[PDB]
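This document starts with one chain, in the form deposited in one PDB entry, laid out as structure tokens.
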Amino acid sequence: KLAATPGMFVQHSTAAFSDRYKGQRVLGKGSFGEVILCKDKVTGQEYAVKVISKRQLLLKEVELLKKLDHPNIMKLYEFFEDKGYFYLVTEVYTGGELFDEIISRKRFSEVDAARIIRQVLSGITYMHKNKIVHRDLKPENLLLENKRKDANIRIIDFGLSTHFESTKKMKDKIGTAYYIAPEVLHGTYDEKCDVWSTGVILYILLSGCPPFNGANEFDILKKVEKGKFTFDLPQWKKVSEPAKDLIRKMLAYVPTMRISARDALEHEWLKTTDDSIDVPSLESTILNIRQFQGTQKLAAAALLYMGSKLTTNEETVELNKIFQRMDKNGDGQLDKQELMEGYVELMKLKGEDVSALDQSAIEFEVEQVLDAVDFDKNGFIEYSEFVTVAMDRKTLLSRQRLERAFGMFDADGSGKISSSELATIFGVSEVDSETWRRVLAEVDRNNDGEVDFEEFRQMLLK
């Protein structure tokens, strides 16, 4: 098919960054280049851009980020290349670094730490599934989305990340003293390095101190390479055994003996909670998902575009909680069984009896929801797919958002969407005549062979 994915929408622009964005301030420096809070000149929306000098050549971080769609992974909007520069426009997270909260609150609640680590493990479980290793996980590269109390966590800085193969092992030495796994120092490593790092992070969150420390960089790396850490400090008397157990498993010296991300999610400890949802909100969401009816590809791209690239964080904070709670196994994907239990979970909340339920009837209904909603036909409902679908359709199809989507689709400004433009949107040479025929047959009002902003408008407004 034509697989509708958020990533397909980030395309190499041939406009000047300067024509559409305006620098506001410096947020900081990354793995390689600095990040500049910018504003879209026309919509006043804020993004965090990463600028990279051509002199200091690979836009690798862009390709990785297009393949990832996860509620705890940094979002990428678009990117510009210059004579001298690259610009990677991304969503801006306004709660700042975990690092700073660490040095502020000093020590984390087991509840808060479990939540945080769960989301990080979820991000990497997803990444590892897609053959990507981060390689530089630390509180610096974890952002709180906003200032709210128990803010969601985003992974950032994929500038040192790479594709890995189960066949051939990685050799380049990459990371940060406190967080680097011994095998990266040794010169041969795999995706388990990401676990080790996350295990270090966890240790810090719970105790306030790193597990391997030293007077300087060099001292630390020796301590790290020896692998030995202890729970000998007084603040550990306040922490539960399972938490230590997980830590042990995540910092097991030998990679093959160390827990995978995917398995770490299932650990006892990470199910530590205290945090609930309004029934109405959940009901709205569940009802919006049930009522999404599949459609032609122009509409699919449009909705996914609006849902994945044109929605702010403020708008999706509730949707984001729901998804994580419906994702029982953490992997960043909703599956048929997860979906089934969601509806059941809601049914308990409504008093309706679990026993008196046609399990197979529901399971059937769920198969059909999945079919409607799974934009890329990978058998899973990903976050942006979920948002597009679960958001209130009048909220999503605000009169702004509609105008903005159409603009993006009508690349030559002709006031009409052509099949060539649609192909362009999908990142593919041409749209199957079958598909386009299917598309026009449902939309073309004047019947001029193309879709204008009224034809477009009503297409979605159903």
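All residue numbers refer to positions in the sequence shown, first residue = 1. So that the term is clear: the rigid core is the largest set of C-alpha atoms that superpose within 1.5 Å between two forms.
This next part talks about the form deposited in another entry, which is not shown.
Positional change of residue 229 between the shown form and the other one stays under 2 Å at the C-alpha, relative to the superposed core. Here residue 18 counts as shifted, since its C-alpha moves by at least 2 Å between the shown form and the other one after the core is aligned.
If you fit the rigid core between the shown form and the other one, you'll see the Cα of residue 50 move by 2 angstroms or more. In contrast to the form presented, in that other deposited form the C-alpha positions of residue 12 and residue 456 draw closer by 3 Å or more. Note: residue 12-residue 404 Cα separation is 3 Å or more shorter in that other deposited form than here.
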